[PDB]
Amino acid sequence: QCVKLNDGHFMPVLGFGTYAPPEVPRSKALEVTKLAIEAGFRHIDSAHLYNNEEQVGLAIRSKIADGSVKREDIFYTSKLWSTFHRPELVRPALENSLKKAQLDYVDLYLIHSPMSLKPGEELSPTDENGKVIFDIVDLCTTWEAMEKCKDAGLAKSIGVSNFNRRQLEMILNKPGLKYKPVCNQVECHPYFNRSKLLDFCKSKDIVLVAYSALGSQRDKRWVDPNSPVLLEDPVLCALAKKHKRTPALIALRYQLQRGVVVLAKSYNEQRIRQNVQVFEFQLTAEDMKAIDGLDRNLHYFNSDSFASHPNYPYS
């Protein structure tokens, strides 16, 4: 249950989302990541940003040590945080991610966001007032440093996240390009289905990986809590009842049937296990059309600061 990437590697089509907000104790990532592997997840999505690479890495190691899986059966992703875009910072950031997870390699390393931030030790540098401080970096040079990380074998594959079509074209048309990104990891669910970007990615043999495929964690730091709750949608709920499944499973199956690799975050043992049931049923062509019709140009992620970033991907 994987897709072949444009570099010859293979990515499992269902991935586990490991992000939890800062209020969650760190020991939780370790617990739930083991649970996810135990349920059947083989793709595990982490990032510098998430401040959990130690614990995710330890969960991976634990399931290798206990005999359940081999290193090569797990697809582990991490990501370069936006304070580390300047090229000289990229390999050391990857090496630090590796040290924390205690892995020799990541299966995938992504540029987390095109919205470069001021370098330093803070995740979210802010000035005098409360304002997040931006940087300016030619992301083509960040990409070249990513290429070097694949060539050294530290990342098997390299890709990007939160890129729009123009930003993907920039890399695709870089003079001297060595490796195309294998994927673009983006917000994608039935209220923001990205069909036009999906078609573009497919035209270039770039996989679209969906985040917030279940409608996001709706944390009020990023998401308006009066936005509509994806999983309460009436159409997804009628489909769930028809198939004897749940709205979440309908949302995840949708993505698989359109050629999207889909992530699913849950820190609940029963929901983690429910989500692997996505492989157990199929939606009809008419089911897919109905879900297609939910699209409403809604990105849950919203930030007045980021909206002013020159590399803001939403316009």
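Take the two forms, find the largest set of C-alpha atoms that superpose within 1.5 Å, and that set is the rigid core. One rule holds for the numbers: they count along the sequence shown, beginning at 1.
> Core fit done; bigger CA RMS in 8 other deposited structures of this protein for 138 to 146 or for 219 to 227?
After superposing on the rigid core, the more displaced stretch in 8 other deposited structures of this protein is 219 to 227.
> Per the PDB record, is the mean Cα temperature factor higher over 191 to 199 or over 116 to 124?
The stretch with the larger average C-alpha B-factor is 116 to 124.
> With reference to the PDB entry, specify whether the mean Cα temperature factor is higher for 207 to 215 or for 101 to 109.
Going by the record's values, the stretch with the higher mean is 101 to 109.
> Among 220, 156, 85, 79, which carries the highest Cα B-factor?
Within the set 220, 156, 85, 79, 220 shows the top C-alpha B-factor.
> Based on the PDB record, which member of 43, 48, 61, 273 exhibits the highest Cα temperature factor?
So the option with the highest C-alpha B-factor is 61.
> Using the B-factors in the PDB entry, rank residue 143's C-alpha atom against the chain and give the third, lowest, middle or highest.
As the PDB entry reports it, the C-alpha B-factor of residue 143 lands in the middle third of its chain.
> Can you tell me which third, lowest, middle or highest, the CA B-factor of residue 266 falls into for its chain?
Ranked within chain, residue 266 CA B lands in the lowest tercile.
> Tell me, lowest, middle or highest third: where does the Cα B factor of residue 253 rank within its chain?
According to the entry, residue 253 has a C-alpha B-factor in the chain's lowest third.
> Of the three thirds of its chain by CA temperature factor, lowest, middle or highest, which one includes residue 129?
According to the entry, residue 129 has a C-alpha B-factor in the chain's highest third.
> By the recorded C-alpha temperature factor, relative to the other modelled residues in its chain, which third is residue 33 in?
As the PDB entry reports it, the C-alpha B-factor of residue 33 lands in the lowest third of its chain.
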